[PDB]
Protein chains: 2
Amino acid sequence: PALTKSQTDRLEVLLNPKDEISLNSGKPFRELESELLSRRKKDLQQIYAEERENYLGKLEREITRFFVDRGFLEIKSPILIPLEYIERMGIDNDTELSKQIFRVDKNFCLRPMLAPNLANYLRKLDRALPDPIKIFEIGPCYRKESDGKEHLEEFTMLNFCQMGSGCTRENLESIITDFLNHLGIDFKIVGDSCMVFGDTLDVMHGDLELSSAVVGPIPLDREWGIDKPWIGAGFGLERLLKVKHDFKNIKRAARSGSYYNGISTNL
Amino acid sequence: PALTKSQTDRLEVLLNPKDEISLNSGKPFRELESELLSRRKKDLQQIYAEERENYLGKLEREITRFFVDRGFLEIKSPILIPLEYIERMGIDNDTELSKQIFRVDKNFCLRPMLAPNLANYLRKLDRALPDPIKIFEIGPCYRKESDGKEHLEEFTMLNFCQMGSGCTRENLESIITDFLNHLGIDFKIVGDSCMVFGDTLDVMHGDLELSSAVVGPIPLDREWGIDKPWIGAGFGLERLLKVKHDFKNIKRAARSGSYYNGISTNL
Ligand SMILES: Nc1ncnc2c1ncn2[C@@H]1O[C@H](COP(=O)(O)OP(=O)(O)OP(=O)(O)O)[C@@H](O)[C@H]1O
Ligand SMILES: Nc1ncnc2c1ncn2[C@@H]1O[C@H](COP(=O)(O)OP(=O)(O)OP(=O)(O)O)[C@@H](O)[C@H]1O
Ligand SMILES: C[Si](C)(C)COC(=O)NCCCC[C@H](N)C(=O)O
Ligand SMILES: C[Si](C)(C)COC(=O)NCCCC[C@H](N)C(=O)O
Ligand SMILES: [Mg+2]
Ligand SMILES: [Mg+2]
Ligand SMILES: [Mg+2]
Ligand SMILES: [Mg+2]
Ligand SMILES: [Mg+2]
Ligand SMILES: [Mg+2]
């Protein structure tokens, strides 16, 4: 009555966090699979009858309303960006993040972060809008990754940011606090450091990094024409979903043809 | 008192459809530019004070609510897809659409359409959901294009589709009709033809193609495991915005760092 690795992997695809089912109790694979298949078909039928919204889409909409209502302008900027942005962000051609970049043709890449486009918007909008400038964006970003439990190659970033008055550590933490309180997600702030921005305030849920946040100014500002105080933070939406729904693997949360709202589509 | 091409191009960037300003009345460039700059700064200040929603984001949300309320499941599938999907869609390696594909690395590409991922979802969901299967997706798609007035290289597609009962020409036209009536956009349906799907019902606003729609079955179905009647239609959101806002160029509607809700960001 032992299960093979293939059998265990199939049952794990079909298992969901709310289940409490022992995969190696000695019940045969056929019965465990049939039970989980029936649970998951019922779950998908209930989604189709009663809500029909995609978790990533619904969370984006929820986050958008939060930031629009707090005075931030909603941005939708290019996902396909100049490759020259990477070197200008101080991503040394090197190894690290630089090796994670998906190149497109000769001179383009898929953005790995929203920051460069938002920096350009802060600079441009400061010529027309009253102080402070508050903007945010949600959308796809791309990195080649090796890991699998907390990393996706195609994921969804929120970055909000502000330039002008009010760009203090305490106001940044207060926005993060109000935001994650709105989502019902507990967290702590820990110092960390990265090659692009320097010191970061990392927003942690246990050992899971939900965000890196930054208080400017930083030396990179000159190369982007940023010449005022600023604050900003980038969050992964699939990581937020992973926490909210207690997923074991971030792939449950991803754009995917393999899962719908964390339910296997292989039924 | 004549304007150069550079001067005329600058004024056209700053002009908006609601203006009624003659660029070559003989008023000097400096006064025309100052007047338009003041109008556009006021327009952006009003957006920032009172709405703050991005046109593409807001239209996606409006469309999503429409289709969710009509019983369609909201899908968010990969934008970065296998290159093998292109050949399997019958996009002959050839010239035409095939030359329009943005390749990523060796084996991936940016999707040029939502159809292949939605075909996979229809097939998979038919194993779990009751007839008919109704799904839709909105999101970025990518084509190398030459044109500039009605084409973008990075644009936003809506595709809705249905499989099972009810997949008739009359029901397809009725959905299109209810949808564009909800948006307030007049249209007509004209026959056309394309290499992937064959005969299409093209949804036209004047000479502007808003959508191609298709009544299955088609011979491509076998290669995607589709084995029931189906209907579907793909719409460009920036083209819908172009019509709604009377933009002269689709770039006003695009993801862009150069325009915000059709207003130049170069102020
Ligand atoms: N590959 C990925 N998949 C999913 N989410 C990610 C990925 N990379 C980054 N994020 C999310 O985006 C946020 C901001 O990006 P940032 O550059 O700080 O990530 P990071 O420090 O490289 O994250 P990690 O150390 O976990 O790799 C991260 O805190 C995380 O929530
Ligand atoms: N490059 C583009 N930019 C903006 N919208 C586009 C683009 N290509 C297609 N669309 C939109 O997507 C819809 C469905 O795609 P489809 O493949 O039918 O386009 P198409 O027939 O190639 O359009 P066209 O003949 O105008 O090039 C189109 O009706 C249009 O509204
Ligand atoms: C020219 Si700048 C990149 C140095 C300053 O202005 C911005 O572009 N603001 C949004 C991004 C800030 C960092 C982001 N918060 C993060 O740590 O993920
Ligand atoms: C395996 Si199929 C591609 C042959 C059938 O099922 C679907 O994938 N449905 C959505 C896409 C249909 C065509 C789209 N409406 C268009 O003309 O843009
Ligand atoms: Mg990382
Ligand atoms: Mg980190
Ligand atoms: Mg980080
Ligand atoms: Mg075309
Ligand atoms: Mg056409
Ligand atoms: Mg067409």
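To be clear, the structure that these remarks concern was listed above.
Participant: Where do I start with the packing of helix 1 (residues 5-14) of chain B against helix 2 (residues 29-50) of chain B in this structure?
Facilitator: What describes two packed helices is the angle between their axes and the distance between those same axes. Residue and element names in this part refer to chain B. The geometry of helix 1 relative to helix 2 is characterised by a closest axis approach of 9 Å and an angle of 20° between their N-to-C directions. When the interaxial angle is binned, helix 1 and helix 2 end up roughly parallel. Handedness of the helix 1/helix 2 crossing: left-handed. Seen from helix 1, the contacting residues are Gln7, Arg10, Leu11 and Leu14; seen from helix 2, they are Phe29, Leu32, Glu33, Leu36, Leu37 and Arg40. The residue makeup of the contact of helix 1 with helix 2, split by class, is six nonpolar, one polar and three charged.

Participant: I tried to follow the site of ligand 1 on my own but got confused; where do I start?
Facilitator: Residue and element names in this part refer to chain A. Contacts to ligand 1 come from 15 residues, most closely from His151, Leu152, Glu209, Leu210 and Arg239. A distance of 3.4 Å is found between an oxygen atom of ligand 1 and a backbone nitrogen or oxygen belonging to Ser211. One of the side-chain N or O atoms of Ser212 is found 3.2 Å from an oxygen atom in ligand 1. For ligand 1, whose free accessible area comes to 590 Å², the fraction covered by protein is 80%. Contributing elements (two or more residues each) for the shell around ligand 1: strand 6 (154-163), strand 9 (208-215) and strand 10 (230-236).

Participant: Mind showing me how you'd approach the site of ligand 4 here?
Facilitator: All names here are of chain B. Close to ligand 4 lie 17 residues; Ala115, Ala119, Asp221, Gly232 and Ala233 are nearest. Between ligand 4 and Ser212, the relevant distance is 3.3 Å, taken from an oxygen atom to a main-chain nitrogen or oxygen of the residue. Note that a nitrogen atom of ligand 4 is positioned 2.9 Å from one of the backbone N or O atoms of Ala233. Of all the secondary structure elements, the ones that give two or more residues to the shell around ligand 4 are helix 6 (115-125), strand 6 (154-163), strand 9 (208-215) and strand 10 (230-236). Tallied by class, the residues present in the shell around ligand 4 amount to twelve nonpolar, four polar and one charged.

Participant: What exactly am I supposed to notice about the pattern of salt bridges here?
Facilitator: Side chains that differ in charge, positive against negative, can pair when their charged atoms come close. Taken as a whole and judged by the stated rule, the model has 36 salt bridges over all chains. Notably, a salt bridge pairs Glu84(A) with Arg88(A), separated by 2.9 Å at the nearest N-O pair. One end of the pair, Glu84(A), and the other, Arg88(A), are both in helix 4 (residues 84-88), four residues apart, so they sit about a helical turn from each other. Close ionic contact of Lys144(B) with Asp105(A) constitutes a salt bridge, the shortest N to O distance being 3.2 Å. On the criterion of chain membership, the pair formed by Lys144(B) in the loop between strand 5 (133-142) and strand 6 and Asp105(A) in the loop between strand 3 (103-104) and strand 4 (108-110) is interchain, its members lying in two chains. Here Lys144(B) falls in the partly exposed class, since its relative accessible area comes to 28%. Using a relative accessible area of 34% as the deciding quantity, one classes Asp105(A) as partly exposed. Connected through salt bridges with shared partners, the residues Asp19(A), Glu35(A), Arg39(A), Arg40(A) and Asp43(A) form a single ionic network.

Definitions and limits used
Residues numbered from 1 in each chain as written, not as in the entry; some residues may be left out. Chains lettered and ligands numbered in written order. Heavy atoms only, no water. Axes fitted to C-alpha atoms, helices over the stretch in contact; angles between N-to-C directions. Helix = DSSP H or I, 4+ residues; strand = E, 2+ residues; numbered from the N terminus. Parallel < 35°, antiparallel > 145°, perpendicular 65-115°, else oblique. Left-handed = near helix turned anticlockwise from the far one by under 90°. Contact = heavy atoms within 4.5 Å. Nonpolar A, V, L, I, M, F, W, Y, C, P; charged D, E, K, R; others polar. Near = heavy atom within 4 Å. Polar contact = N/O pair within 3.5 Å; in protein donor to acceptor, adjacent residues only side chain to side chain. Areas by Shrake-Rupley, 256 points an atom, 1.4 Å probe, with all protein chains shown as cover. Salt bridge = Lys/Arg side-chain N within 4 Å of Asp/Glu carboxyl O. Buried < 20%, exposed > 50% of the residue type's maximum accessible area, 1.4 Å probe, protein only.

These figures capture arrangement, not role.
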